[PDB]
C-alpha cells in the first residue's frame, strides 16, 4: 500500500476566498452567516445563509470562460488552481497521466437548470443553450478542473449529498494507495443557493427558520432547529509519499483512514442512535490501524439539525466509550453553515490545518446545553493543542456515512 500525503490546499468559503482567510476566521470563531442575498428571502421560511463575500470570478479567469461555467464549477476551478499553486506542483506532459481529479458536487448546476428551463418555457427548446448540458452536470467540475490543470489520470465525480466531499477525498486516497495515480486533486464543490434548493429544503423543514444570523447555526445547542445553507469549495492535493519527497513538496499531514457505510433506513432521516455513523467511524479506525483512543479531535458533521447532532453524539459514545469524554469534538458548521457537497472538502482542510498548526477550531453559538449532547464541543474559543490524529465525519441525507482520518506527518 502506498502512503498518501496532503501537499496543497485550496478553498472558497463563507469565511474567506482562500484557505488562510477561511482558517484564520474559523480559529477566531467568526461567523460566515448572514441574511440571504442570492435569492429573494421573502418567498421562504429560511432567512439566513452562508454566502461567499466579495467573490469576483473575473479575478481568476476571463469573463468569457466564467460565462460558460455554473457557479459550482467556477468555485471548483478556482479552488483547484489555488490548491495546485499551493502545492507548487508542475503538471508536465511527463506526469499528466499520473495526476487525476476526483471532485464531487451534491447538486451540480442547479442555477443553470433553473435559468435554462425558464428559457425553454418562454423561447422554446430551440433556444436552449448548446452549453446547457455540460454546464449543469455535476461531473463538469472534475471535467473543467482536468482541462484547466492538464490532469490526465484517474478521473471521477462522486455525488452523495452531504457526504460528497468526504467520499471524494476517500476515493482519491484509495486510488493513490493502490498505485493508480501519483497525485489526485480532490474534494467537493457546491453552489446550492438557488430557488429550488431553498424551496426543497424548506419543504421538508431541514433548514433552520431562525431569522437571527447570530443564533441560526448552533450545533449541539438545545434550541437548534435545522441547518443553515452555505456555498463554496474545498479542494486538496493528495500525493503518493515518495513522489512528494522526490520533488521537495511541503507536507501538511497524512491521510490514513477512510470508512463508508449505509444506514439502509430512510430517504432523509438518520438512523436511530447513529448506528451507521458509528460503523463508518469504526471502519475508518480499522483502516488506519489505530486504537480509538488515538483520536484527539473529531471535526463533527454537526449540521445543527435536531437528529444529526443527537445521533452523532450517540455514535461517538458508541465508538469511543470512555474516550468520548476525553477527546475534543467541534462543528465548524457553526461558522460556515452546511456546504452540502463541499462540506467534506472544507472540513478536511480544517482537520488537516488543525494538525499542522496545532489548533482546534471551536463550535460557536452553544448558549443552551442539551442534556443529550454532553460531549466537549470546544465552545466559543479555539484551543491550542498538539494533535496526532483527527477524524472528520459527513453523515449525509440518504444514509451516506463517510469518515476520514488524518495523521500528523512523521518520516
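Numbering follows the first chain given and starts at 1.
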Mean B factor on CA atoms, stretches 35 to 43 and 360 to 368, record says higher is 35 to 43
Higher of the two mean Cα B-factors (259 to 267, 243 to 251; per PDB record) comes from 243 to 251
From 89, 335, 229, 141, the top C-alpha temperature factor is at 89
Per the deposited entry, the peak Cα B-factor within the set 312, 114, 94, 190 goes to 94
Binned into thirds over the chain's modelled residues, the C-alpha B-factor of residue 388 lands in the highest
So, residue 320's CA B-factor, relative to its chain, sits in which third? The highest
Quick tally, chain-level thirds of C-alpha B-factors: residue 344 sits in the lowest
Quick tally, chain-level thirds of C-alpha B-factors: residue 167 sits in the lowest
Residue 305: CA temperature factor from the record, placed by chain third, in the middle
